[PDB]
Structure formats: C-alpha cells, structure tokens
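Residue strings, one per chain:
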Amino acid sequence: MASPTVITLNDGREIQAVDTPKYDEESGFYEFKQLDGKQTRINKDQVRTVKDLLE
C-alpha cells in the first residue's frame, strides 16, 4: 500500500514518505521510503510526530 506520510523529527526536520514507515525492533530504527523512492532509517527517539498528508 502507498500513502503520503510526513515524519517530523525532534528538532523539527520533516521528511515526506511515499508509503508507510516500519518500526524495526532489531536495529531500533524507523524505516521509511522518501519521495525519491529511497529507503532511509533513523533512531526511534528522533521521531516527534508521524502524520499523513491526508489529515
């Protein structure tokens, strides 16, 4: 499934994903696919708010 989701970090840095993120218990990161179609991962504590563009 694909849906636009903007993840806002602790400092306020917002990144927009084309599909929904995965919380990985193994490494402790959140995995999300950026607008470019590139998957990136950031630590569980850096994420402030997880919201869709469809609010």
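See above for the structure.
Residues numbered from 1 in each chain as written, not as in the entry; some residues may be left out. Heavy atoms only, no water.

1. What to know about the packing of aromatic side chains
To be explicit about the condition: A pair of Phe, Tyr and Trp rings is counted when the ring centres sit within 6.5 Å of each other, with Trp represented by its six-membered ring. The angle between the planes then sorts it: under 30 degrees is stacked, over 60 is edge-to-face, the rest tilted.
Per the stated rule, a full pass over the model turns up one aromatic pair. Judged by centre distance (5.0 Å) and plane angle (35°), the ring pair of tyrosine 23 and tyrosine 30 falls under tilted.

2. So, the environment of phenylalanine 29
Under the convention used in this document: Strands here are runs of E lasting at least two residues and helices are runs of H or I lasting at least four, both read from the DSSP assignment and numbered beginning at the N terminus.
Assignment of secondary structure puts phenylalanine 29 in strand β4 (residues 29-33). Taking the C-alpha atoms as reference points, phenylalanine 29 and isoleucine 7, separated by 22 residues in sequence, lie 13 Å from one another.

3. Thoughts on the sheet that holds strand β1 (residues 5-9)
The condition is simple: DSSP bridges decide pairing: two strands pair if at least two such bridges lie between them. With axes taken as lines fitted to C-alpha atoms, and helix axes fitted only over the stretch in contact, angles between N-to-C directions fall between 0 and 180 degrees.
Ordered in space as β2-β1-β6, the three strands form an open sheet in which the pairing is antiparallel. This sheet does not close on itself; its edge strands, each paired only once, are β2 (14-17) and β6 (47-52). This sheet shows a mean twist of 20° between the axes of neighbouring strands, independent of strand direction. In terms of strand pairing, β1 meets β6 through five bridges, oriented antiparallel. In the strand pairing of β6, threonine 8 is matched with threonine 49.

4. Considerations on the pairing of β1
Note the following rule: Under the scheme applied here, a residue whose accessible area is under 20% of the maximum for its type counts as buried, over 50% as exposed, and between as partly exposed, the area being computed with a 1.4 Å probe on protein chains only.
Counting buried positions along β1 yields five of five residues, so the element is predominantly enclosed. In β1, alternate side chains face the same way, and those of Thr5, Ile7 and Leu9 on one face and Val6 and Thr8 on the other are all buried. Pairing between β1 and β2: four bridges, direction antiparallel. Within the sheet, the bridge partner assigned to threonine 5 lies in β2 and is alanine 17. Turn length for the β1-β2 hairpin, with the two strands adjacent in sequence and antiparallel, is four residues, and the turn residue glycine 12 shows positive phi of about 120°.

5. Thoughts on the nonpolar core
The condition that has to hold: We call a set of buried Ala, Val, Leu, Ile, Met, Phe, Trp, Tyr and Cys residues a nonpolar core when their side-chain atoms join them within 4.5 Å. Two residues form a contact once any of their heavy atoms are found within 4.5 Å.
Judged by nonpolar contacts, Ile7, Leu9, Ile15, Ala17, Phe32, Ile42 and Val47 together constitute the single largest core of seven residues. Put simply, the parts of the chain that give this core at least two residues each are β1 and β2. If we skip the residues at most four places from it in the chain, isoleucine 15 touches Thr5, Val6, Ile7, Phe32 and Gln34.

Distances and angles like these do not, on their own, reveal function.
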